[PDB]
């Protein structure tokens, strides 16, 4: 019998396990995959790191910044220089030093006042209990899309906002409750924190990619504490402890931290069954839909033409791109995402068909040199059996107020972690770490 069994070796589970270990308690981490890092995943291709999962940290994210520095991982800045390209429907691509300046002054004002109005709502949503917002009943019964329509903003402003919503939530404004969206914005500290490079969540990358930072965190655990390729199938509990069932046998512990995406937490064979409010909360916490890609070129040819590599296309299957070129300056990489419906359509197609769609959008925005592609590497996180969608869960209307209060509440000896349980930077690596710190503190207090 160990003191704590942790299910999942994402940043949440590894953070929880290292905190239990450093407090001097015994811990076992059971991870389904043959690797740590979960929704962060780094592969070596073309002599550089390819982050197929989470890759960016920003200066409001104190826990991931501290962990990167603690474990000796260097950061590099997300390229900021060069013109952005904006494309609307059947129109001509517009170059501009910033995407802001491809709109009228009235449009930019309306966009910024829209963002300001969502932040006004967001500030009133308690980070620990969104269901206790004074207008929780109204806001949880409204989609974000209905709220956008009530502002009366023009089409091109609603369209620009929709690109940003899909890039942040991996879901459309019609899928999200306003209460969910507003909580998420509060959790990040504002709309510009979610959307911006400089000053925001996309400011910095890790030299060598993000999975190696998870490997360094796992290296703080003693030999034998981490079991890879060991999916948790069952979690039974009684008055004395918890019994974990794997294909390979049984693990006994005093307490458990389950640190997996909500959909996957509900699929475990719990004995006794989870209480109905928490089972149905997980039924109401669907993962997002994103396909992340890296288009590889021999060089970042767009830089020589004064382009940043960022395109913004509210009408295309790809909404937003970034220059993903490493500090060495080769190979050239354009990084981007299919989001929401576009992700589900693209996920049903082949890699070559997704490549063709991306290259076609880049050809019409960056230029026809985009068709001379060296390689194209992508990942549909919906098709990952141990994730079942990035970046994280969202809550549709009605879910936060009725089922939401069960989110973090322990069920006897089974405690909960995962970015979806964080108060600050929920949905990000930074919130995954927060959740592991919180769950570890709970379990250590409960052991006696």
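Numbering follows the first chain given and starts at 1.
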Mean Cα B-factor check, 361-369 vs 171-179, entry values; winner is 361-369
Looking only at CA atoms, which has the higher mean B factor in the entry: 161-169 or 116-124? 116-124
Of the choices 347, 208, 249, 336, which one's C-alpha carries the largest B-factor in the record? 249
Selection from 378, 240, 356, 204 [criterion: highest C-alpha temperature factor in the record]: 240
Thinking about Cα B factors across the chain, which third does residue 53 belong to? lowest
Within-chain third of residue 93 by Cα B-factor, per the entry: highest
Sort the modelled residues of this chain by their C-alpha B factor and say whether residue 328 lands in the lowest, middle or highest third. highest
Hey, what third does residue 46 fall into on Cα B-factor, ranked over its chain? middle
Chain-relative CA temperature factor third for residue 6: lowest
